[PDB]
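Don't worry about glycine lacking a Cβ; one is built from the backbone with ideal geometry, like all the others, and counts go over all protein chains shown. Bear in mind these aren't lab numbers, they're just calculated from the coordinates by the rules spelled out.
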Amino acid sequence: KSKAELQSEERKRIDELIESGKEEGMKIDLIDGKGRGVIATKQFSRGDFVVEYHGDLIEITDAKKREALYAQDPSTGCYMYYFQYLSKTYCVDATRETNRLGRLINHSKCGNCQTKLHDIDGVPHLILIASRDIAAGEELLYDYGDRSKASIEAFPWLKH
Amino acid sequence: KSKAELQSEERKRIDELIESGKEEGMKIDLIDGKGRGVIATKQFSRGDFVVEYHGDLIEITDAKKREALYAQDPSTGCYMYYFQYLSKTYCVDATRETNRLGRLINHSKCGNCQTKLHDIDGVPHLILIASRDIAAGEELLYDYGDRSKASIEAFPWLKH
Amino acid sequence: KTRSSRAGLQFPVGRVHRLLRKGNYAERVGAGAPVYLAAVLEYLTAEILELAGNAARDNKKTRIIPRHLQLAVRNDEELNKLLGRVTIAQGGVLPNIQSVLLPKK
Amino acid sequence: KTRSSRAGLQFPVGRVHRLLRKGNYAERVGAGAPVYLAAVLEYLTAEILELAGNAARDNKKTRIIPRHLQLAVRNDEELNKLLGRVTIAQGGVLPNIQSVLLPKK
Amino acid sequence: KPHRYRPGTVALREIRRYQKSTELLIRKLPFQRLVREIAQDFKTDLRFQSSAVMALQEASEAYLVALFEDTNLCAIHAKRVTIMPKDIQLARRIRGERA
Amino acid sequence: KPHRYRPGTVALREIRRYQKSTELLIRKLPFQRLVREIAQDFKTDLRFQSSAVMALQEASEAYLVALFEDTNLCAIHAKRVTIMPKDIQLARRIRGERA
Amino acid sequence: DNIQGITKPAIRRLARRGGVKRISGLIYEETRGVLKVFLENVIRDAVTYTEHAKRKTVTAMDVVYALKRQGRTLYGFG
Amino acid sequence: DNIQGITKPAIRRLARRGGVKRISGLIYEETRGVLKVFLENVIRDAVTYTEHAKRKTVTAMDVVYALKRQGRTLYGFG
Amino acid sequence: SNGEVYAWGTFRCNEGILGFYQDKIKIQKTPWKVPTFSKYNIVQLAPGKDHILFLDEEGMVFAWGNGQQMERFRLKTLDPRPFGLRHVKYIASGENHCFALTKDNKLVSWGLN
Amino acid sequence: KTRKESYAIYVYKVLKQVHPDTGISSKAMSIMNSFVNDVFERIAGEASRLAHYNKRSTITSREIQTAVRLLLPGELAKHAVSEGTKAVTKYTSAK
Amino acid sequence: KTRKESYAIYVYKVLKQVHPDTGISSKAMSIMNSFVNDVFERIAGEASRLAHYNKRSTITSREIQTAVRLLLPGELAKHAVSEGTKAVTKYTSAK
DNA sequence: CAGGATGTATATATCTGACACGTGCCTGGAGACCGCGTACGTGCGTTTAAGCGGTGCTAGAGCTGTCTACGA
DNA sequence: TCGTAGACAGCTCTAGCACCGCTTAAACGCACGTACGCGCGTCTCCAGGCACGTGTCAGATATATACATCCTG
DNA sequence: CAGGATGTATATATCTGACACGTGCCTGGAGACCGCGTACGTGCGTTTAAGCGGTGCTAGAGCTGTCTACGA
DNA sequence: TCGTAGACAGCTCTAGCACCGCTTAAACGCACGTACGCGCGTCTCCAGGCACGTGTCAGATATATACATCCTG
């Protein structure tokens, strides 16, 4: 198959996974010093679609607003994910507690999952794809991105 | 004075009367076989502004709608006044009972008041101007316009 | 020898060399200028035609209607521009209805 | 004798008769064609200028800025069209704010 | 309860129908009036080719087709399904016909 | 309670202020980057007059001034005071830049 | 009447031609003012174009060439 | 970066220049895509106009004459 | 003497019509003061024609009415104002002929010759 | 140094008649040349084409004004249409 | 009866090559002449001006294509740009 | 949850006229130099006039030959 | 000066204008109600091109199927 | 219901440079042929880099003279 | 055929590019909260025009007033 045929087959598999909302081969577990963490129940190959970073979609401050009220109450964890979806800050605020698993994935700079923008007829979709072969039992992790001095001062685990 | 200077002075007097909402030289009286009628308490000269046909302004069916509900209840009298305000049916529905006097003026084809469109910076205003010298005590009347066969069949006073 | 015979495009590229001169586009106008233009014109005439030809077959039987012709030009994103400041007569709209217009239940 | 002297408009109507010929507007171009055009051009140059002249005095002291010049052309409803497909540089907007934008209490 | 179609379906088809035809949708004899009318304010005592006549309709007929089209967004984009007065105007400014 | 201006008055003046100046409101050195950037996709290894350079800003700077202007109605006409994403787009169609 | 000429089942017709889902009350004769407007803008330059060649019978191509200059060059006749 | 170049206190600046009462969150970089777009449309025909006379240094009048053809003839330089 | 300048009447134009203060007044029968035109107090006057031509304290040859014989159309000129000259001491107007003289001993005259 | 035949002088001169003091800018004193540019241009082509769509191989005043009317906006047109008329009558009445 | 030199024949001929059966309408077979009209026209002026803003008193292919590229839309341009190239090479290779 | 009343997609006989190709002709081209509430939709009855053609009258566009004033 | 486009009286004939009764499609009017708005260069040779005439197949037409689609008891 | 903190309209000293007018020059022009809730505004602290100029290097636009192939 | 525009090697020098430390304006980040989004033709003569040079007044500049305007206890 060509490069275009493989990309179309990879896009059709990603579109079906985003539509069904299936989060198979993944279960919640209590990580030591991280609250909730996502761990693999089956072997995920390199390049395989893991799970969508699902939540409430909106504009730039259209996610950074519940920020200024979620700072007013520290208990609700930081679950906002900003992104540049075609020149405009388009995000997915997963602050509300749901059964979706993408919002519970922990941080690691050298983890086993990369965050990418997956467009489906105009509507942006944050997806988590396996950067390498993820072993069964191991924790699913991805680079959170916020390497700023204010954020790293409050929780030092963002650095590593 | 020129024709333009007299029109500007006539427009400035009409704009002040529409703004203040003054209905001086006019009082309500029970006319024989017409419900309520408007009668003059002072002598009104030919061309003098009598009173604005005041009510709720709106679009074409934007007045002919409370029509289809006011037919569902016959007691509320027909008080809608349609008009072509610059290519678009713009009216003034005076169905609601208020202290304004223009909605209580009776019908007559050869009366003593003519209905005209008076624009004030884009907003249309139906005004009643004296067609002739109105005598004190006499009833203020104006041509209602609806000479149609369906309307004239239900109330025969529209003809005369 | 016909120059259009020589160069090999149908739409008379002697009328192009002769429309040009007395059309008052400029003072002088080289032989090829009509030619390359002629072929600019016909690669259009042709690229156009067949869009109808395929479309007109599709809807109608054989012969192109006007609202066939423009039923093509709307649809080719490239031409859609080219003929985006024009008004091809008897066309009517290549239909569309908004998503918030069709049924809902 | 200068033709502009003769006809009585300032902007050289020999340069109009000579811009026209080698401008390639057409084959031939009568004497008056430059003239009436020259005077078309200057009744514009002038009608334009003074709008600035009155405006530039108003805001500034003596000399017209660009944003003076276009501060005029926006405001003359007639020109406002004429220069309605143009973009006079350094202009900026003859200001306006919507009725639902200013204060409210 | 005789046979009926719920409010919208009919005119939705009106779209299907009117969006199908190449049929100039406003009466000829009527326009020739409007055509000859605006003549007067231009040049009193004139004639025009019946051919030409059509075009004038054609264009302004067409012009209107898209300016009503463009107008559809004007209320589509205002939390509206039904196209009122302002909606028509708004479009004029984004064209710059007026503003 | 130190000194403060209620939300809106400030940027309302921003209008007063920015609506006053003939001052190209986006940094030169920055655009020369964007200027030279879109060069590459056109013609690799090129030069341009600093003069010319300005215009390119000028126009698109200006273009934007009115397309943000026109854009103001797009949300003014949507029961809105604050101009969001769609609002920007809507205007593009009424221009016919896209649609 | 002339402006009454552009009558409801035609504005509408013309408006369903762009998928107009529903015409409002005022909206209708607004089209007449517009169609007036458009008529107005056009016939004028066109007649003016008939003038600059002295025709008492206005040409179709005059309509057209003027229909071009305005900015919506129509195709077909010309 | 280039598109990052058109930075917030400038989009805004440019937007307050038409009385923009408030820029929304997404709206900002949309301007970058647009200003990209507009940049794109233009520089291209312009360079193409430099090409048809073989200049490696692009003229201002090339920018202009192309800035004309596009449809927004700018005045001043030219 | 205070500085402000009174007014009355209405000038007859070159075409031949009525104007007082541009388009805000046509016939000024009632005598009224004229507003601020040049900060320096206006010294003398200069009558003749419909062409009134004051002189400021600084020596700024001001000018109202037509002065047709600088140049314009569609009114908006009657109510102003300057300009020309440098520091004229005598402003001496006839009907369709003007006269001026700069404090630097100059002799000028700009009108319908 | 190739001679740049700019309307600068002429653009300046017509300023004086309308307004004596002063007064321009460099950026604007180019802006003027691009008001003279777009007009001289736009005018010539509704002049040029006129000749073609009225079959005469020479641009007379016949066209130039017809365009001028057809090209200028409403009240302005009649004005410059008048000012032409004038410069038309004076051009004919010379020695 | 003055001879109306219409693209009718030529417009018809190029139909055959693309599609043999059939096939046109009267209204459309005018519409074609006004696709040939606007192009022949629009093309000539980005050709004409090109010559003026590159100072050469004769419209070569040099311009005609440069416009053609500058005037046609993206993929179409390269196509007809190719078809010219072709009709350019064949015109040169004749007897 | 579903079968019956609307009216649209579809099929095929059949006459009509415009598409299409032959021909004498003549000139231009060739070649050499969420909720209260009302506004507008849907459908049927009354009624206005658009569309139809039949056609006589002639305005006026279009073409030609001649004289001559315009502009390169 | 002088080649010649433009003025212009003169003339063929297309085509625009007014006419005018009539089948009927369509504009108009109106009652019921529910989805929806709204507030909360030049002389010469000659064949390519066009006006003209003529036969018929593409398509408009219409009776007539079958079909997809919308909606209340 | 109102006086005090922001920052805009306004006034005037003062240096700077571009507007403006003089001049030798040369070519083109003339002449004769309602309410839940969050997104974005306002304001102050931290921090990136735009703007500044000082300037050497030389790409390449611009102009010229010559030979000759292009197109009327 | 042949007048000549265009090709083109050759050459003056404007002007675009890279450099590069530094005062600081401005972009950036963030906390608090309230208004606001959102759901409910040609030869000849010559002076008009332009490139060049030069002096200074219009205007940019800045310290410094006074002023209109917005907002909480």
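In table form, for the structure just shown:
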{"quantity": "The stretch E:36-56, residues that are touching a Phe, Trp or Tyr at 6+ places or on another chain (Cβ under 7 Å) and surrounded by fewer than 21 Cβ atoms within 10 Å (Cβ to Cβ)", "calculated": "E:51"}
{"quantity": "Residue check for residue G:22: away from chain B (no Cβ under 14 Å), within 16 Å of DNA strand L (Cβ to nearest atom) and closer than 30 Å to residue C:96 by Cβ", "calculated": "no"}
{"quantity": "Count - residues of the stretch K:7-28 that are crowded, with 17+ Cβ neighbours inside 10 Å and within 6 Å of DNA strand L (Cβ to nearest atom)", "calculated": "3"}
{"quantity": "Yes/no for residue B:115 being of a type outside the set (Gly, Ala, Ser), within 22 Å of residue B:21 (Cα to Cα) and away from DNA strand L (no atom under 16 Å from the Cβ)", "calculated": "yes"}
{"quantity": "Qualifying residue in the stretch J:50-64 (condition: closer than 20 Å to residue I:72 by Cβ and not basic (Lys, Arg))", "calculated": "no"}
{"quantity": "Residue, farthest from residue D:102 (Cα to Cα), within the stretch F:3-16, restricted to residues that are near DNA strand N (Cβ under 6 Å from one of its atoms) and not hydrophobic (A, V, I, L, M, F, W, C)", "calculated": "F:3"}
{"quantity": "Conditions (1) more than 7 Å from chain H (Cβ to nearest Cβ); (2) in a loop (DSSP other than H, G, I, E, B); number of the one not met by residue F:81", "calculated": "(1)"}
{"quantity": "Lone qualifier among G:11, G:3 - being within 14 Å of chain B (Cβ to nearest Cβ), among the hydrophobic types (A, V, I, L, M, F, W, C) and either assigned to a loop (DSSP other than H, G, I, E, B) or on the phi > 0 side of the Ramachandran plot (or both)", "calculated": "G:3"}
{"quantity": "Residue satisfying all of: in the stretch J:16-64; assigned to a helix (DSSP H, G or I) and basic (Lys, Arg); farthest from DNA strand M (Cβ to nearest atom) among these", "calculated": "J:27"}
{"quantity": "Within the stretch J:15-61, considering residues that are charged (D, E, K, R) and either within 15 Å of the chain's Cα centre (by Cα) or more than 7 Å from chain D (Cβ to nearest Cβ) (or both), the one farthest from DNA strand O (Cβ to nearest atom)", "calculated": "J:46"}
{"quantity": "So residue K:34, is it farther than 25 Å from residue D:20 by Cα, out of contact with any strand residue (DSSP E or B) (no Cβ under 7 Å at 6 or more places or on another chain) and among the small types (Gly, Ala, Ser)", "calculated": "no"}
{"quantity": "In the stretch D:65-78, residue farthest from DNA strand L (Cβ to nearest atom) [restricted to those that are surrounded by fewer than 24 Cβ atoms within 10 Å (Cβ to Cβ) and facing chain J (nearest Cβ under 7 Å)]", "calculated": "D:65"}
{"quantity": "Any hit, the stretch B:54-70, residues being under 26 Å from residue B:10 (Cβ atoms) and either within 14 Å of chain G (Cβ to nearest Cβ) or not in a loop (DSSP other than H, G, I, E, B) (or both)", "calculated": "yes"}
{"quantity": "Which listed residue is part of a loop (DSSP other than H, G, I, E, B), over 24 Å from residue B:6 (Cα atoms), small (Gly, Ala, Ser) and touching a strand residue (DSSP E or B) at 6+ places or on another chain (Cβ under 7 Å), from B:137, B:47", "calculated": "B:137"}
{"quantity": "Single residue of B:76, B:98 found to be in a loop (DSSP other than H, G, I, E, B) and over 27 Å from residue B:12 (Cβ atoms)", "calculated": "B:76"}
{"quantity": "Cβ-Cβ under 7 Å pairs, at least 6 apart or on other chains, the stretch E:66-81 side under 17 Å from residue F:83 (Cβ atoms), far side assigned to a loop (DSSP other than H, G, I, E, B)", "calculated": "E:77/F:78; E:78/F:77; E:78/F:78"}
{"quantity": "Pick from the stretch B:47-103, criterion of a type in the set (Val, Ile, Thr) and under 17 Å from residue B:142 (Cα atoms), ranking: surrounded by the fewest Cβ atoms within 10 Å (Cβ to Cβ)", "calculated": "B:92"}
{"quantity": "Residues of the stretch J:34-64 that turn out to be within 30 Å of residue D:56 (Cβ to Cβ) and surrounded by fewer than 19 Cβ atoms within 10 Å (Cβ to Cβ), as a count", "calculated": "4"}
{"quantity": "Tally, over the stretch A:67-89, of residues that are closer than 15 Å to residue A:55 by Cα and within 13 Å of DNA strand O (Cβ to nearest atom)", "calculated": "4"}
{"quantity": "Of residues in the stretch D:1-58 being among the charged types (D, E, K, R), farther than 22 Å from residue J:69 by Cα and part of a loop (DSSP other than H, G, I, E, B), the one nearest to DNA strand N (Cβ to nearest atom)", "calculated": "D:1"}
{"quantity": "Single match in K:67, K:77 (criterion: more than 8 Å from chain C (Cβ to nearest Cβ), within 16 Å of DNA strand O (Cβ to nearest atom) and crowded, with 16+ Cβ neighbours inside 10 Å)", "calculated": "K:67"}
{"quantity": "Single residue of C:62, C:45 found to be facing chain K (nearest Cβ under 8 Å) and away from DNA strand M (no atom under 11 Å from the Cβ)", "calculated": "C:45"}
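Okay, residues lined up against (1) within 7 Å of DNA strand O (Cβ to nearest atom); (2) facing chain H (nearest Cβ under 8 Å); (3) in contact with a helix residue (DSSP H, G or I) (Cβ under 7 Å, 6 or more places away or on another chain):
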residue	(1), (2), (3)
F:1	yes, no, no
F:6	yes, no, no
F:25	no, yes, yes
F:29	no, no, no
F:34	no, yes, yes
F:39	no, yes, yes
